[PDB]
Structures are given as C-alpha cells and as structure tokens.
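**Q** Take a look at the following structure, please.
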Amino acid sequence: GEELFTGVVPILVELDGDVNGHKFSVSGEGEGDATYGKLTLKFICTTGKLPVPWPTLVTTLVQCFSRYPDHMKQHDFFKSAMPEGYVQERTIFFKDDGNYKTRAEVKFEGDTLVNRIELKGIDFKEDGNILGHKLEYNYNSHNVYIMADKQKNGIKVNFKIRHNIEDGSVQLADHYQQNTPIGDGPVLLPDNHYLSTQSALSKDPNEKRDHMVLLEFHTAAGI
Ligand SMILES: [Mg+2]
C-alpha cells in the first residue's frame, strides 16, 4: 500500500450532511504528499451557505497521507488498506452541545484518493457555538491516539479537538473513531502510537462561494 504514496497524489472529497435538519453538501479538491505528511485542499459548499462553522468539519473532510517515520512504518494501517480502502466512522461530541456521527469510505479511484462521507448531527443548541457561528476561523495542533482493534482487523482512534471561541474560550470536540478495511487482504495492525497534527485555514480572495482553503501536516510518533 505505501508504494501508492511515494509522490504527489490527487485528492477528492465529497460530503453530504444533515445537522439538526439543515441539509448541505461539500466538495473538495487538492493533493497530498505523504513523504512530507502534507495536504493542501480547497472545499466549497455546493448547496449554498454552510449551516455550521467550517472548522467543525476539518477532521471529517485522509490519514493515509500522514508521514510515518521509517522506524514506525510497520504501524501504518491507513496505507496498508489501499487501494481497496477503509471505512472511517466517528462520533464527535461537542462539549455542552450536540454531536456528529460520520461514516466515510476512503479508497483509490484510478490514481486519485477519494474520501466520500455522510454526516449526521443531532442535539445542537440553536444559540450554541456551532449553530450560533461563534467559532473563530482558525485551527489548533493536536495529538491523535491510535490503537489496534484486532476483532475488526482495524484500529480504534481517540482525540480531543480544541476550537477557539470568539470570546477567548475553547469549544472541545471529543472524537471517537474506528477504521475497518474494505478489502479482505492483510493490514498493518499497530502498536499504540499517535499522530501530531498542525493545520492552517485561509480564504481564496477571488472566491465568492462559501469555502475553506486548508494546509495540514500529520506526522506519526511515539515508538
Ligand atoms: Mg508489536
């Protein structure tokens, strides 16, 4: 699977969402260079205005582009499942507010890495930080904790995202994640480790549609 990632790979992302009954779609395009753990993508809301803040969708919108150091490469589940791919499922609990449930299939279509997602959000507060659009347009750096889930030939992942609030406070988003292979071939089941992440959000000055431009780095560590 790793041999598929030694150069620059085109990426496509397609999401359909429903948050408290607000339906929307997002399309993204860009490229990944796993040698450097690097992603660059632009996302557009194709149905109009996004009903939630862009930062809340970053984690949902391709961990196969992480840089695994050579001494840890036997622990890279994500690339080992390729090209047939993996199912990535999450529950994201926004503290004092609602939750997202997501199901994604990540796989190659030809030479392009595709991430196709369905997202469902329930129990959000109309005047909370999500539906109230009180989150700053920025993004923090995190540690993503990974363990083997041998009963499903996959992995279990957990981490805390910190979203800055416009009043100086922080909105926590606790992430619970599971990944299972789509194919029935062998995968790399890892020892406990983590991914170190950093991300920068920006806007395309000429773009009038609701959108997000993102630069992200993901690097494995801990063994
Ligand atoms: Mg071991």
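Ordered as shown in the structure tokens, chains take letters A, B, and onward, while each chain numbers its residues from 1 and ligands are numbered from 1 in the order shown.
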Could you give me, as a Markdown table, a per-residue list for chain A showing, wherever an atom lies at most 9 Å from an atom of ligand 1, the closest pair of atoms and their distance in Å to one decimal, using only C-alpha atoms and all ligand atoms and sorting by chain then residue number from low to high?
**A**
```
| residue | atom | partner | partner_atom_place_in_ligand_line | distance |
| --- | --- | --- | --- | --- |
| A:75 | CA | ligand 1 | 1 (Mg) | 8.7 |
| A:189 | CA | ligand 1 | 1 (Mg) | 8.6 |
| A:190 | CA | ligand 1 | 1 (Mg) | 7.0 |
| A:191 | CA | ligand 1 | 1 (Mg) | 5.3 |
| A:192 | CA | ligand 1 | 1 (Mg) | 8.8 |
```
**Q** Output as a Markdown table one row per residue of region 24-59 of chain A within 6 Å of region 5-13 of chain A: the closest atom pair and its distance in Å to one decimal place, counting only C-alpha atoms, sorted by chain and residue number ascending.
**A**
```
| residue | atom | partner | partner_atom | distance |
| --- | --- | --- | --- | --- |
| A:27 | CA | A:13 | CA | 5.6 |
| A:28 | CA | A:13 | CA | 4.7 |
| A:29 | CA | A:12 | CA | 4.8 |
| A:30 | CA | A:11 | CA | 5.2 |
| A:31 | CA | A:10 | CA | 4.4 |
| A:32 | CA | A:9 | CA | 5.3 |
| A:33 | CA | A:8 | CA | 4.8 |
```
**Q** Take the residues from that selection and write them out as an mmCIF file, in the first residue's frame, keeping N, CA and C atoms.
**A**
```
data_model
loop_
_atom_site.group_PDB
_atom_site.id
_atom_site.type_symbol
_atom_site.label_atom_id
_atom_site.label_comp_id
_atom_site.auth_asym_id
_atom_site.auth_seq_id
_atom_site.Cartn_x
_atom_site.Cartn_y
_atom_site.Cartn_z
ATOM 1 N N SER A 27 -17.857 19.769 -1.513
ATOM 2 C CA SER A 27 -16.915 19.160 -2.431
ATOM 3 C C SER A 27 -15.528 19.742 -2.191
ATOM 4 N N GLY A 28 -14.504 18.912 -2.186
ATOM 5 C CA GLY A 28 -13.135 19.361 -2.055
ATOM 6 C C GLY A 28 -12.211 18.701 -3.048
ATOM 7 N N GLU A 29 -11.148 19.465 -3.355
ATOM 8 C CA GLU A 29 -10.139 19.022 -4.299
ATOM 9 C C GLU A 29 -8.770 19.498 -3.825
ATOM 10 N N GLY A 30 -7.750 18.675 -4.015
ATOM 11 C CA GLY A 30 -6.381 19.120 -3.739
ATOM 12 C C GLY A 30 -5.425 17.961 -3.941
ATOM 13 N N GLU A 31 -4.348 17.962 -3.153
ATOM 14 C CA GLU A 31 -3.273 16.978 -3.359
ATOM 15 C C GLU A 31 -2.567 16.715 -2.017
ATOM 16 N N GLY A 32 -2.000 15.501 -1.951
ATOM 17 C CA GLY A 32 -1.298 15.043 -0.760
ATOM 18 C C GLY A 32 0.083 14.516 -1.114
ATOM 19 N N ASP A 33 1.027 14.747 -0.225
ATOM 20 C CA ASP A 33 2.411 14.287 -0.376
ATOM 21 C C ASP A 33 2.834 13.653 0.969
#
```
**Q** When DSSP is applied to the backbone of this structure, which of region 2-222 of chain A are assigned alpha helix (DSSP H)? Write them out as a list in words.
**A**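 These are the residues in question: residues 77, 78, 79 and 80 of chain A.
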**Q** Write a file of the just-selected residues containing N, CA, C and O atoms, as a tab-separated table (two decimals), in the first residue's frame.
**A**
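The result, stored in result.tsv:
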```tsv
chain	number	residue	atom	x	y	z
A	77	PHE	N	-1.45	1.57	9.41
A	77	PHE	CA	-2.66	0.88	8.98
A	77	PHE	C	-3.21	1.47	7.70
A	77	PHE	O	-3.69	0.77	6.81
A	78	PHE	N	-3.28	2.81	7.70
A	78	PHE	CA	-4.03	3.55	6.69
A	78	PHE	C	-3.59	3.22	5.25
A	78	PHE	O	-4.42	2.92	4.38
A	79	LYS	N	-2.28	3.27	5.02
A	79	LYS	CA	-1.78	2.99	3.68
A	79	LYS	C	-1.88	1.50	3.38
A	79	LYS	O	-2.09	1.14	2.22
A	80	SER	N	-1.78	0.64	4.38
A	80	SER	CA	-1.79	-0.80	4.15
A	80	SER	C	-3.11	-1.31	3.64
A	80	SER	O	-3.18	-2.40	3.02
```
**Q** Between A:127, A:184, A:210, A:174, which one has atoms that come closest to residue 99 (chain A), using only C-alpha atoms?
**A**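 Checking each candidate against residue 99 (chain A), we get A:174 as the closest.
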**Q** Quick one: everything within 12 Å of region 66-69 of chain A, counting only C-alpha atoms, minus sequence neighbours fewer than 4 positions away in the same chain. Send it as an mmCIF file with C-alpha atoms, in the first residue's frame.
**A**
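The resulting file, out-v8.cif, is reproduced below:
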```
data_model
loop_
_atom_site.group_PDB
_atom_site.id
_atom_site.type_symbol
_atom_site.label_atom_id
_atom_site.label_comp_id
_atom_site.auth_asym_id
_atom_site.auth_seq_id
_atom_site.Cartn_x
_atom_site.Cartn_y
_atom_site.Cartn_z
ATOM 1 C CA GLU A 2 2.766 2.530 0.828
ATOM 2 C CA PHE A 5 2.017 7.254 -1.774
ATOM 3 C CA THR A 6 5.670 7.994 -2.765
ATOM 4 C CA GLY A 32 -1.298 15.043 -0.760
ATOM 5 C CA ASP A 33 2.411 14.287 -0.376
ATOM 6 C CA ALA A 34 2.780 11.639 2.386
ATOM 7 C CA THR A 35 6.609 11.806 2.159
ATOM 8 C CA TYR A 36 6.193 15.177 3.955
ATOM 9 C CA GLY A 37 2.879 14.418 5.702
ATOM 10 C CA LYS A 38 1.410 17.271 3.753
ATOM 11 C CA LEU A 39 -2.098 18.116 2.443
ATOM 12 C CA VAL A 62 -7.401 11.225 4.753
ATOM 13 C CA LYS A 73 6.305 2.166 9.001
ATOM 14 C CA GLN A 74 5.092 -1.323 10.135
ATOM 15 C CA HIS A 75 2.434 0.596 12.147
ATOM 16 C CA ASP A 76 0.794 2.465 9.239
ATOM 17 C CA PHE A 77 -2.664 0.877 8.978
ATOM 18 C CA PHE A 78 -4.026 3.549 6.688
ATOM 19 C CA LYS A 79 -1.776 2.991 3.675
ATOM 20 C CA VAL A 144 -4.348 11.693 17.604
ATOM 21 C CA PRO A 190 -0.298 -1.131 15.018
ATOM 22 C CA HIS A 193 1.188 5.445 18.952
ATOM 23 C CA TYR A 194 -0.020 8.911 17.962
ATOM 24 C CA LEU A 195 -0.172 11.410 15.101
ATOM 25 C CA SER A 196 0.980 15.027 15.688
ATOM 26 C CA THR A 197 -1.140 17.453 13.577
ATOM 27 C CA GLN A 198 -0.994 21.114 12.582
ATOM 28 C CA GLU A 216 -2.252 20.411 7.048
ATOM 29 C CA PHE A 217 0.657 18.302 8.302
ATOM 30 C CA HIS A 218 0.304 14.903 10.079
ATOM 31 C CA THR A 219 3.361 13.035 11.462
ATOM 32 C CA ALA A 220 3.396 9.753 13.405
ATOM 33 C CA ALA A 221 5.310 9.476 16.673
ATOM 34 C CA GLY A 222 5.669 7.572 19.902
ATOM 35 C CA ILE A 223 7.508 4.348 19.212
#
```
**Q** Can you tell me, as a PyMOL selection string, what residues are no more than 10 Å from residue 149 (chain A) when counting only C-alpha atoms, ignoring any on the same chain fewer than 3 positions away?
**A** chain A and resi 146+152-157+178-180+189-190
**Q** Just N, CA, C and O atoms for this one: save the residues we selected as a PDB file, in the first residue's frame.
**A**
```pdb
ATOM      1  N   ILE A 146      -3.806   6.298  18.519  1.00  0.00           N
ATOM      2  CA  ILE A 146      -4.168   5.117  17.746  1.00  0.00           C
ATOM      3  C   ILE A 146      -3.817   3.813  18.455  1.00  0.00           C
ATOM      4  O   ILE A 146      -2.705   3.696  19.010  1.00  0.00           O
ATOM      5  N   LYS A 152     -11.810  -6.535  14.589  1.00  0.00           N
ATOM      6  CA  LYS A 152     -12.305  -5.997  13.324  1.00  0.00           C
ATOM      7  C   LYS A 152     -11.195  -5.830  12.286  1.00  0.00           C
ATOM      8  O   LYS A 152     -11.387  -5.186  11.242  1.00  0.00           O
ATOM      9  N   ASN A 153     -10.002  -6.382  12.509  1.00  0.00           N
ATOM     10  CA  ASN A 153      -8.877  -6.221  11.599  1.00  0.00           C
ATOM     11  C   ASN A 153      -8.617  -4.759  11.283  1.00  0.00           C
ATOM     12  O   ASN A 153      -8.333  -4.410  10.135  1.00  0.00           O
ATOM     13  N   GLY A 154      -8.727  -3.901  12.299  1.00  0.00           N
ATOM     14  CA  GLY A 154      -8.631  -2.474  12.137  1.00  0.00           C
ATOM     15  C   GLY A 154      -7.995  -1.749  13.325  1.00  0.00           C
ATOM     16  O   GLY A 154      -7.163  -2.288  14.032  1.00  0.00           O
ATOM     17  N   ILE A 155      -8.452  -0.484  13.469  1.00  0.00           N
ATOM     18  CA  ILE A 155      -7.917   0.397  14.505  1.00  0.00           C
ATOM     19  C   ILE A 155      -9.035   1.189  15.179  1.00  0.00           C
ATOM     20  O   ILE A 155     -10.107   1.408  14.602  1.00  0.00           O
ATOM     21  N   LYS A 156      -8.744   1.611  16.405  1.00  0.00           N
ATOM     22  CA  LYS A 156      -9.557   2.496  17.244  1.00  0.00           C
ATOM     23  C   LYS A 156      -8.718   3.731  17.542  1.00  0.00           C
ATOM     24  O   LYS A 156      -7.529   3.597  17.835  1.00  0.00           O
ATOM     25  N   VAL A 157      -9.315   4.925  17.428  1.00  0.00           N
ATOM     26  CA  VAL A 157      -8.627   6.190  17.491  1.00  0.00           C
ATOM     27  C   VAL A 157      -9.404   7.144  18.377  1.00  0.00           C
ATOM     28  O   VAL A 157     -10.659   7.107  18.354  1.00  0.00           O
ATOM     29  N   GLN A 178     -13.286   4.713  14.533  1.00  0.00           N
ATOM     30  CA  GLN A 178     -12.942   3.335  14.188  1.00  0.00           C
ATOM     31  C   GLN A 178     -12.682   3.230  12.694  1.00  0.00           C
ATOM     32  O   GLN A 178     -13.422   3.856  11.927  1.00  0.00           O
ATOM     33  N   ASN A 179     -11.697   2.459  12.277  1.00  0.00           N
ATOM     34  CA  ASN A 179     -11.409   2.252  10.853  1.00  0.00           C
ATOM     35  C   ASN A 179     -11.319   0.744  10.624  1.00  0.00           C
ATOM     36  O   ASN A 179     -10.615   0.043  11.391  1.00  0.00           O
ATOM     37  N   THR A 180     -11.998   0.300   9.564  1.00  0.00           N
ATOM     38  CA  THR A 180     -12.026  -1.111   9.167  1.00  0.00           C
ATOM     39  C   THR A 180     -11.710  -1.253   7.699  1.00  0.00           C
ATOM     40  O   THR A 180     -12.188  -0.443   6.899  1.00  0.00           O
ATOM     41  N   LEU A 189      -1.615  -3.974  11.673  1.00  0.00           N
ATOM     42  CA  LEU A 189      -2.210  -3.683  12.973  1.00  0.00           C
ATOM     43  C   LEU A 189      -1.163  -3.052  13.862  1.00  0.00           C
ATOM     44  O   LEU A 189      -0.120  -3.677  14.148  1.00  0.00           O
ATOM     45  N   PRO A 190      -1.359  -1.824  14.302  1.00  0.00           N
ATOM     46  CA  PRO A 190      -0.298  -1.131  15.018  1.00  0.00           C
ATOM     47  C   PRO A 190      -0.240  -1.305  16.535  1.00  0.00           C
ATOM     48  O   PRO A 190      -1.255  -1.568  17.161  1.00  0.00           O
TER      49      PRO A 190
END
```
**Q** Can you list, as an MDAnalysis selection string, all residues belonging to chain A that DSSP tags as strand (DSSP E or B)?
**A** chainID A and resid 9:19 22:33 38:45 67 86:94 99:109 112:122 135 142:149 154:165 170:181 193:202 211:221
**Q** For residue 125 (chain A), find every residue with an atom within 8 Å (counting only C-alpha atoms), except residues of its own chain fewer than 4 positions away, and show them as a PDB file with C-alpha atoms, in the first residue's frame.
**A**
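Saved result, part_10.pdb, follows:
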```pdb
ATOM      1  CA  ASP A  97     -23.781  20.814  22.754  1.00  0.00           C
ATOM      2  CA  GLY A  98     -24.661  18.287  20.020  1.00  0.00           C
ATOM      3  CA  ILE A 130     -21.949  25.642  16.407  1.00  0.00           C
ATOM      4  CA  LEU A 131     -25.392  26.775  15.154  1.00  0.00           C
TER       5      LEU A 131
END
```
**Q** List the spatial neighbours of region 163-169 of chain A as a list in words - criterion: any atom at most 12 Å away, only C-alpha atoms, same-chain residues fewer than 2 positions off excluded.
**A**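 After dropping sequence-adjacent residues, the list is residues 53, 54, 55, 56, 57, 58, 59, 94, 95, 128, 129, 130, 132, 133, 134, 135, 136, 137, 138, 139, 140, 141, 142, 160, 161, 171, 172, 173 and 174 of chain A.
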**Q** Counting only C-alpha atoms, which of A:105, A:3, A:18, A:89 gets nearest to residue 177 (chain A)?
**A** A:89
